[PDB]
Amino acid sequence: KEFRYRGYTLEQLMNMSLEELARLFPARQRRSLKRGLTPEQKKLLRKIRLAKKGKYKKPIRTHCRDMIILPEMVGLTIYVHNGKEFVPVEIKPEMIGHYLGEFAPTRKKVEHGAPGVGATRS
Amino acid sequence: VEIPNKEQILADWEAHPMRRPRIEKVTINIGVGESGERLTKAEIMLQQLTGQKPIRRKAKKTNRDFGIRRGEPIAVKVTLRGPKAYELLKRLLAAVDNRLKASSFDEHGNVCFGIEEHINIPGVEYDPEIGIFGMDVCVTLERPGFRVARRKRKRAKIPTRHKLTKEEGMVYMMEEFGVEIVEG
Amino acid sequence: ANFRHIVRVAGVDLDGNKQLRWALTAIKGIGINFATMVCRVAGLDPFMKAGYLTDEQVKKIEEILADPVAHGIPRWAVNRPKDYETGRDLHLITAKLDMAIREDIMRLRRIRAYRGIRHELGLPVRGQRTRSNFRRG
RNA sequence: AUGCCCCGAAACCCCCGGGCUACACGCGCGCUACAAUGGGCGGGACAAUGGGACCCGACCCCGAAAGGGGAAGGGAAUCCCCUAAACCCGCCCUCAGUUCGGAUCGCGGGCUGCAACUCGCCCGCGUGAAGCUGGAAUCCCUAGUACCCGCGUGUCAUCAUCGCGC
RNA sequence: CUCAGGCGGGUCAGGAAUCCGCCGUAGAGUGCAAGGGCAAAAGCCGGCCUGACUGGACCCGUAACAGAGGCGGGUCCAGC
């Protein structure tokens, strides 16, 4: 089925301005947008806008894990820092309104081995 | 999908009246999978939905993985024929959207599908005895003179010209009622 | 009058010796608060023993459950205040509610979010400590 | 604070991101409960210690709640936090995994903070896991003490099942 | 009434549960070894029954040709 967010299609979401996107988004994202964007986030937006317009062909890397995905960021690969490397994340329509850091896991899955000598009172 | 032979095969159906087939039987199966009170619930459900008695299809061979034993009544089935079969097929096909997968048709123009919940004049009377809702529905077509291979006396084999095909079956379904899809 | 020991509302059998509030509570998707809300909207005394309900009253309850908001229920007392797809206010009952929650978790797992990963792994998702508690084995 | 040894363009100094918050498992100390010596609803009474300047904030208006806007007085025996709970009266529940239990999750609305996903707190509706009194063993306490029940403060931009007192 | 096995289709259902079509000379089954025989049956599913009976005759095999106590089998008459 065609993707829709709050009954709006992707083209409508792109055409909508920042205030309407904030209205659509949940309380946390709306509050973040209302407060504003930090200078690093503004630089990230400038890079994404240039890439979309077609004058930035290099991969996009950033440390901004607290950034919320916007519809204009759909269709791009962003390399998000996770502490050690820049893991790639492909922006999808269903990921709008989520924090960019949710898709860049930091820790690793644990495969517990045999318990040590001190793991028990014996 | 798109059938390319619709026009000339329409000329054919109209030119030869006896070449027009019909739904000889619609078979509905309830694969309960266990011989419990759910089996009786499904039996009464199909009894009040169709109007004729059920059949206790027993299990062939024993399999402990599925929790079955040979000869255990597992599933039930019912066969519908005639104008009442026509009406039941219409209501069932309306239950879900009037769309059939174009690939579901057999080689001999036989089609069928499955419904995972009663929705056809269903009646919310399911809390008393329901829970095993779900039904495999398959329809069989036939040009009129196919009882030659069924009659005991002077039984014979129908030629390949006189038997249905996938395209003819789907076009017949389209012409009578409902539409096909591209299944992707 | 006709005191029914068992009454079926919204496809779930309700007790006949229990008040209407807690009787409606038997349906997944409705609790004591929302049941009282529904009774007050329908105009039925919440304290009546379930079983005295008539066909008209049962159908009225069904309609209220179908469209709680249009019947006066506040938009902030519903189960789904803002549908992800349609963008309207909905209240889901039993099977539809289960499908909606399953779809939400499946969407998370599909987008590969942290909360989806944690859902599939079966570990806490809301930011708890897993060193001393949550021992399932 | 300091002896010797060591690093001394690095172990020194700043900045960004992550971690200290992981999780088959063993343990200490606690909170909540396993209900009638009670749960819910409406109503009716009673404190003290302390703190308050980007601070406490009466009072008024909006909101269903969280919360939002204006704003008097108070440098504090003058104003605020501050009309606590246990307890009492009337009604429903009548021994049941329930109108006990409140983990675990969905959606949505807010506050602080430059920043809330890793990794904060708050409120609405929905959901409803173990638990029906506990083996060997083991701990505190001699009077306004023990038990029961709430409040102030230190940490604090937000966060108290925590320490110190009432 | 027709089997085994296979091809195409169908909600849970997956290699394998129950179902709808086509092909299918027996590749199945027939209590048990092997061989032989069996497809509108000798196989699968049902209805009724107890000829798995009584009194007898003759004949073949064990034992060719070529002798036999005991035993197995075949063709019949009568009774019920």
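Criteria and cut-off values
- Chain by chain, residues are numbered from 1 following the written sequence, and this numbering need not agree with the entry; no residue without coordinates is displayed.
- As they are written, the chains are lettered A onward and the ligands numbered 1 onward, keeping that order.
- This view holds some of the chains of a larger assembly, and the values cover only those chains.
- To get the side-chain values, take all heavy atoms of the structure and skip hydrogens and water.
- Residues with missing side-chain atoms are left out of burial classes, side-chain pairs and their counts.
- A run of DSSP states H or I qualifies as a helix once it reaches four residues; a run of E qualifies as a strand once it reaches two. Both are numbered from the N-terminal end.
- For the radius of gyration, the atoms used are the C-alpha atoms, and the globule rule reads 2.2 Å times the number of residues raised to 0.38.
- Here a residue-residue contact requires only that any non-hydrogen atoms of the pair lie within 4.5 Å.
- A single heavy atom is enough: if one lies within 4 Å of a molecule or strand, its residue is considered near that molecule or strand.
- Polar contact is the term for a pair of N or O atoms within 3.5 Å; when the atoms are in protein, one must be able to donate a hydrogen and the other to accept it, and sequence-neighboring residues count only if both atoms are side-chain atoms.
- Polarity classes work like this: nonpolar for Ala, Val, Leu, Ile, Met, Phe, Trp, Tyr, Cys and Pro, charged for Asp, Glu, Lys and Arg, and polar for all others, with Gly in that last group.
- For the purposes of this analysis, a disulfide is any pair of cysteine sulfur atoms at a distance within 2.5 Å.

Draft legend 1. Inspection of the overall build of chain A at higher detail. When helices and strands are tallied, chain A shows four helices and three strands. What you see in chain A, going N to C, is helices and strands ordered as α-α-α-α-β-β-β. Over its C-alpha trace chain A gives a radius of gyration of 19 Å, far above what one expects of a compact globule, namely 14 Å for 122 residues. With the principal axes as the frame, chain A shows a C-alpha extent of 65 × 35 × 35 Å. The contacts in chain A between residues at least 6 apart in sequence include a share of 39% that link residues at least 24 apart.

Draft legend 2. Focus on the protein's contact with RNA strand D. Near RNA strand D you find 60 residues, and of these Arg6(A), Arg31(A), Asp66(A), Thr130(C) and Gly137(C) are the closest. The contact atoms of RNA strand D, taken as those within 4 Å of the protein, divide so that sugar and phosphate hold 67%. In the model, a phosphate oxygen of RNA strand D is placed 3.2 Å from a nitrogen or oxygen of the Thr106(A) side chain. Take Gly31(C): an N or O atom from its main chain is 3.1 Å from a phosphate oxygen of RNA strand D. Here the surface near RNA strand D takes six residues from helix α3 (residues 27-35) of chain A, the largest share from any one element. Among the residues forming the surface near RNA strand D, the class breakdown is 20 nonpolar, 19 polar and 21 charged.

Draft legend 3. Main features of the state of the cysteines. Residues and elements named next belong to chain B. Per the stated rule, a full pass over the model turns up one disulfide over all chains. Across the disulfide, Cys112 is cross-linked to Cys138 (sulfur-sulfur distance 2.0 Å). Where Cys112 bonds to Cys138 through sulfur, the torsion about that S-S bond is close to 40°, and the disulfide is right-handed. Of this pair, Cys112 sits in strand β5 (residues 111-115) while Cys138 sits in strand β6 (residues 135-142), and the two are 26 residues apart along the sequence.

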